[PDB]
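S.K.: Protein chains in written order, with full-length UniProt numbering: chain A, 402 to 808; chain B, 402 to 808; chain C, 400 to 803. Backbone N, C-alpha and C fix where the C-beta goes; we use that ideal spot for every residue, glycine too. Once you've had a glance at the structure underneath, I'll fire off some questions.
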Amino acid sequence: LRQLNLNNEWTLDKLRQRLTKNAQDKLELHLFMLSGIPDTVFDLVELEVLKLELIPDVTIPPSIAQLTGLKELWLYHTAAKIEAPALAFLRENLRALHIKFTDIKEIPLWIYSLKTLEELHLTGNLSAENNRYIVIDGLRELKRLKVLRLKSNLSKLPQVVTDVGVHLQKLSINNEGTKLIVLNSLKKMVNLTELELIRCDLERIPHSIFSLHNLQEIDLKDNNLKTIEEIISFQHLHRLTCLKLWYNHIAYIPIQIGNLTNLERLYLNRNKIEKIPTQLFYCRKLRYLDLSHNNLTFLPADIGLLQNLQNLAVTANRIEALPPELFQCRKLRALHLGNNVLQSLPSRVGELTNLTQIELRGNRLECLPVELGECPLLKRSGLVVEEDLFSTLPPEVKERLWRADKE
Amino acid sequence: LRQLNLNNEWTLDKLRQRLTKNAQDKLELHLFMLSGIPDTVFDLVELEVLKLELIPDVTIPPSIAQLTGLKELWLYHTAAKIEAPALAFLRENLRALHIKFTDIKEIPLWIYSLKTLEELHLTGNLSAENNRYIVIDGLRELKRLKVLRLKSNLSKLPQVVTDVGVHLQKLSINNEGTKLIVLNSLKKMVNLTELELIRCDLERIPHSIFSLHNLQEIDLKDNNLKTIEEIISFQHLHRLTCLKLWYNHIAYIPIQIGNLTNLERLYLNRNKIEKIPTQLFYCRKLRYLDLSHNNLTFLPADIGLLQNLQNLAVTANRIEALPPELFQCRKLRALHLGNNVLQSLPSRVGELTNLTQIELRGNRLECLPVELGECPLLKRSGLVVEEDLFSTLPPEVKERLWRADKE
Amino acid sequence: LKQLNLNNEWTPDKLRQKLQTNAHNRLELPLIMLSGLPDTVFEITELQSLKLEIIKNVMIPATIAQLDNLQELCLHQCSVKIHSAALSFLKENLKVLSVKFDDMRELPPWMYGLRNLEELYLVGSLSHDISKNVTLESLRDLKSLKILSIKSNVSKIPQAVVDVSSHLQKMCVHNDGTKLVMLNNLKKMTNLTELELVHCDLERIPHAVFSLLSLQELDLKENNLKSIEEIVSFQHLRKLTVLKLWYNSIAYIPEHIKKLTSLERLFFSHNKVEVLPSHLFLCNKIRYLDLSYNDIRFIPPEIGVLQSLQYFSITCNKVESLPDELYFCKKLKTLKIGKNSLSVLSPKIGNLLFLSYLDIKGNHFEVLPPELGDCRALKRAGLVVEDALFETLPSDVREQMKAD
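In structure tokens form, the structure reads like this:
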């Protein structure tokens, strides 16, 4: 009766108004804390990502044949039983499955039978006595798996991912404070383009990343990296373009980062770096130089050489004066200067054209110069600043910026 | 009473609302999960593809004789019962018939008396214990059959299939990760003009393929081919117009494959090809080409030799520029060059007025050249250009682009 | 049941779409007109501030421990209680507070129990029984309090202010028409740098303000100061660079301002000064001199010493004659002479290479000279002139400032 009633109450139009969109611009539906799953949800055709959160012991009806645009099944603490025609349909249609569970028995055993699945997000402890990676020993049946997110407190990386990683292209491992004994086991895992070791408390960069060659996006967030001196060997990685060495204990940058000419985004924010060596400023390909929440006191003039820089975020630093050479780079799109100790912003910012959002609120800025209104694409939403600082601009220039807010 | 309720529930107007069209541009009517078949759905003479997916207790009255365009019967998981007058009507109008079945349980029995249909599809495991391809032995009365497509995970090649296929034109075999033991038994299959082997995981080209002089299309998609050393024996054939070795791991394509002049369409995308040789492009009438998701580091010389082409797929490789090699081609219409490290578009691509599409989903272009403003034929909907990249064109050029989008 | 209904009423999606930014550039939740806090607030762990507006008898759970990014609270008319582990977490995490008390109970006694407090904004309506506030005298617990903005009727300065004499750096009062007395407390400020006594009903400069020894910015706005006379001891405020004395009734500036040679920001606008002194111009260090809407008759020719002056707002004054000595100073960047009593504009203006602001609206002029094209840093948007006088310019002179 309750399942039938849930099918009855959850009408089609209220589901249509319940539809949302995700970060991937796919139609979305979050089912949170229901007795079962409505059949009118399964009657939908435009839905792309359905989100099953806290659904106790439901069975998937075969009416999922109507859910043709369904590609991402999101399973949060949901013990799901499956019908055979719906199992075949999900085998031939479903391509992204995220599994969060509190018990290792909560993960469905039919996820191994899926063949069109490429993205898996196993968040929750896979490491248990006699169930340590033996439950997921069935991901050998998975063939096209390319994204394998593991927020699972893994003490040591599984041998099963060493077996699978020939075809794996992304390995996001979050242990939330447990160190990996990598043992250079990623050599058999040759097809990775992205590696996101987040909150692993590694305290040092392992040599498995160095043995690999195909990586282009390396994230070592919150690994407690006190020293990053190994990066001299990173010239071996000819394809890396995003070295996200943020949220670590990095206090300095070795000069061998100048050998890394292939970097495009260098996310060093929320670190303890106090001085930028000029060798880091050799890399012409840097586009997103985020050094926010750090100990930088001055900005070198060689930043004018970095012509491809777009978003220079030095938020909450000790930079007192911006050099004029900072405005030599004309591609600055988002100058995040907030929470700094900038005494005065030079008028050379009027030469910049790509600037769309500049952050000056929270600074020692005495007054806003008139030339700040010379940027065409800048608007009030982009120009976030204190109201009295906004009032320093001429009412005709203020009219121009208020019009950019309006028009 | 049940049929009366179904007739009232599914009115003629409701069916017209559900009237869709398939890939063959034929009128489809997806009837799924109904307790009974309707009569108004047979009242509509416009229907061409009668779809019956998972509809139990099916007993088709002679009002199916009311259908005029009925040449397709997609009966999936459907046990169809048809009277003699309606069966005789099917014996003069029905042409194509797709069956989805769970072994013998959902296989119709009236299909053998049908002798005037021309197409047929099958799907469902057939190699059962003590019943090795014994359930498909009744397809001998079908003389006008021309198209037979199979996806039945065959562990071995059925001898009944070899006996049946005498009057066959198109045959596609899908094993979804199972070995296909041809064992040189396809030499009898002389009448085959298209042979598709999708996911046969062969890792070797069977020697029976080299005996058929009617095959224009050879398809070996997802066969996990690494070293193609059997194309030397393909020199005996003089009918293959398009090889399909895509979604494989072919590290390199040997020299001898440049001796096939009759080849007109190369689908080799998502492979392991590192450098494609110039000698391979001695065949210059490669109208269609698929080489995306590969490891090409530069576009080689004898692309300049190519003249009788219409597209090249260069998506996701390591090519930096459009060289004069692609610029000696004067008939390209679609460029699949997205998410690449393509540094720039040189000038002569602005002479390519007959440019249906470009693909630039993440490419590293500095800016679109003004020579692209030389072609008003390419419209904003016609080409796929990033918004930040598209806006760099002159305001007159951008206004003309939006105008031609309206015009 | 109220909390159960509230949790169902306010789903985490609704609070996520409610998210916005505050005036301190922090992620703030503006919870306004509610019965209590929802339990789905703490699922947004990226939050940095909550604005609680008129949400009384609220009990904060320990689940606030999930708000790791939280560093600010803004309590607006909220009689909020907290739980012990939540109290410890906000003691170990919070930095900024801003509590408004329309009623005394809306000011919570728990908020002084923290020690990681840096900035406090004590807006509200304090009773005149100020020394009885033992809740105030708990600011000695705060070992990092540097900003203290009390927007309330502070008649007598608390000894709570005495207990935070050293660690405080910004001190702000909006006394709102009440005389500020018991000066010995403000004498006890040792390391205070910014004193913001806005409308403390000060009939002159208090001796407490002058007993400051480490001040850097003094604001006596809307304080009816009679004179600036004790300045023989402003020389000990060598750290002072900002003097904010506008919207006042001062009628003269004596020579004594020569004592401070580090003065940069000087505010004397909307005052009762009828003639600007020359001994004010004798100081040359002054870079910011604000005298808008004053009653100044004329500028003595000693203003040529003021070369470092980058801001001389004499706009909307009574000034009829402007000497040529002011145009000798080329560093003047922000110059406003709008709505003044001038007759003609000086042709010699081209030496002002760094001149972004020029405002001449409302003032009577006969003919705009071509020498307005001689200004280099001038901009058409920066040169606020009427459309009729915009017509009375040569086309090349128009394009000189119009074309960027």
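Are the C-beta atoms of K638 (chain C) and some chain A residue less than 8 Å apart?
M.R.: Judged by the 8 Å Cβ criterion, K638 (chain C) is not in contact with chain A.
S.K.: Just to confirm, is the Cβ distance from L773 (chain A) to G739 (chain A) under 8 Å?
M.R.: Taking 8 Å as the Cβ cut-off, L773 (chain A) and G739 (chain A) do not qualify as a contacting pair.
S.K.: Mind checking which residues open and close the beta strand (DSSP E) that includes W475 (chain A)?
M.R.: Element bounds for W475 (chain A): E473 to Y477.
S.K.: Could you list the residues in the segment 446–466 of chain B with a C-beta less than 9 Å from some C-beta on chain A, going in chain order?
M.R.: Listed by position along the chain: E454 and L455.
S.K.: Can you say whether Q560 (chain A) is buried or exposed, counting buried as having 16 or more other CB atoms within 10 angstroms of its CB?
M.R.: With fewer than 16 other Cβ atoms within 10 Å, it is exposed.
S.K.: For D438 (chain C), which of helix, strand or coil comes out of DSSP?
M.R.: Residue state, collapsed to three classes: coil.
S.K.: Using Cβ-Cβ distances below 9 Å, what residues of the segment 475–502 of chain A are close to chain B?
M.R.: Cβ contacts with chain B come from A485 and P486.
S.K.: With DSSP as the reference, label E765 (chain C) as helix, strand or coil.
M.R.: Here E765 (chain C) sits in coil by DSSP.
S.K.: Per DSSP, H499 (chain A) is paired with what?
M.R.: Answer is A:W475 and A:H522.
S.K.: When you compare the CB of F611 (chain B) with every CB in chain A, is at least one pair closer than 8 Å?
M.R.: For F611 (chain B), the answer is no, since every Cβ of chain A falls outside 8 Å of its Cβ.
S.K.: Thinking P777 (chain A) and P747 (chain A) are a contact (beta carbons under 8 Å), I'd like their distance in whole angstroms, please.
M.R.: The Cβ separation is near 19 Å, so there is no contact.
S.K.: Please go through the same chain and pick out, in chain order, the residues whose beta-carbon is closer than 8 Å to the beta-carbon of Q570 (chain B), but skip the five residues on each side of it.
M.R.: Here the set comprises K547, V548, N592, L593, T594 and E595.
S.K.: Does the beta carbon of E797 (chain A) come closer than 8 Å to any beta carbon on chain E?
M.R.: Among the protein chains in the structure shown, which are A, B and C, there is no chain E.
S.K.: Are any of the Cβ atoms in chain A nearer than 8 Å to that of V796 (chain C)?
M.R.: So no, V796 (chain C) is outside the interface.
S.K.: Ignore the nearest five residues each way along the sequence and tell me which others in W409 (chain C)'s own chain have a CB closer than 7 Å to its CB.
M.R.: Excluding positions up to five away in sequence, the list reads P437 and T439.
S.K.: For the candidate residues C:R415, C:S551, C:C728 and C:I685, whose alpha-carbon lies nearest to that of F500 (chain C)?
M.R.: That would be C:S551, whose Cα lies nearest to the Cα of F500 (chain C).
S.K.: Per DSSP, what are the beta-bridge partners of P429 (chain C) in this structure?
M.R.: Answer by DSSP bridge pairing, in chain order: C:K450.
S.K.: Rounded to whole angstroms, what's the CA-CA distance from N647 (chain C) to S668 (chain C)? Just pull it up for me.
M.R.: Whole-angstrom Cα-Cα distance: 8 Å.
S.K.: Where does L641 (chain A) sit, in a helix, a strand or coil, going by DSSP?
M.R.: Correct three-state label for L641 (chain A): coil.
S.K.: Could you check the C-alpha separation between residue 823 (chain B) and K422 (chain B) for me, to the nearest Å?
M.R.: A query on residue 823 (chain B) cannot be resolved here, the shown segment of chain B reaching from 402 to 808 and no further.
S.K.: For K552 (chain A) and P439 (chain A), what's the separation of their Cα atoms in angstroms?
M.R.: Between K552 (chain A) and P439 (chain A), the C-alpha separation is close to 30 Å.
S.K.: With a threshold of 16 other CB atoms inside 10 Å of the CB of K645 (chain B), please say whether the residue is buried or exposed.
M.R.: The residue is buried, with at least 16 neighbouring Cβ atoms inside 10 Å.
S.K.: Quick one: is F699 (chain B) near chain A, going by C-beta distance under 8 Å?
M.R.: No, its Cβ sits nowhere closer than 8 Å to a Cβ of chain A.
S.K.: Under 9 Å between beta-carbons, which chain A residues line up against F791 (chain B)? List them in chain order, please.
M.R.: Those do not exist, as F791 (chain B) stays about 15 Å from chain A at its closest Cβ, beyond 9 Å.
S.K.: Measuring only the C-alpha atoms, how far is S464 (chain A) from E542 (chain A)?
M.R.: Approximately 26 Å between the Cα atoms of the pair.
S.K.: On the three-state DSSP scale, how would you describe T462 (chain C)?
M.R.: In this structure, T462 (chain C) counts as helix in the three-state DSSP scheme.
S.K.: Got a sec, what are the start and stop residues for the beta strand (DSSP E) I483 (chain A) sits in?
M.R.: Looking at the DSSP string, the run of the beta strand (DSSP E) that includes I483 (chain A) is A481 to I483.
S.K.: Which residues in chain A sit within 9 Å of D803 (chain C), going by Cβ to Cβ distance?
M.R.: Under the 9 Å cutoff, chain A gives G751 and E775.
S.K.: So, are the CB atoms of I556 (chain C) and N590 (chain C) less than 8 Å apart?
M.R.: Contact flag unset, no.
S.K.: With which residues is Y689 (chain A) paired in a DSSP beta bridge?
M.R.: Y689 (chain A) is bridged to A:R666.
S.K.: How is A529 (chain B) classed by DSSP in three states: helix, strand or coil?
M.R.: Three-state result, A529 (chain B): strand.
S.K.: Cβ of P747 (chain A) less than 8 Å from any chain C Cβ?
M.R.: No, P747 (chain A) does not count as interfacial toward chain C.
S.K.: Could you give the first and the last residue of the continuous alpha helix (DSSP H) run that contains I610 (chain A)?
M.R.: Looking at the DSSP string, the run of the alpha helix (DSSP H) that includes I610 (chain A) is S609 to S612.
S.K.: Residue range of the alpha helix (DSSP H) that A805 (chain A) falls in?
M.R.: Here the alpha helix (DSSP H) through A805 (chain A) covers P796 to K807.
S.K.: Assess, as a yes-or-no matter, whether the segment 696–703 of chain C is touched by the segment 713–725 of chain C under the definition of 3 or more beta carbon pairs within less than 8 Å.
M.R.: As far as the Cβ criterion goes, the segment 713–725 of chain C touches the segment 696–703 of chain C, which means the pair count is three or higher.
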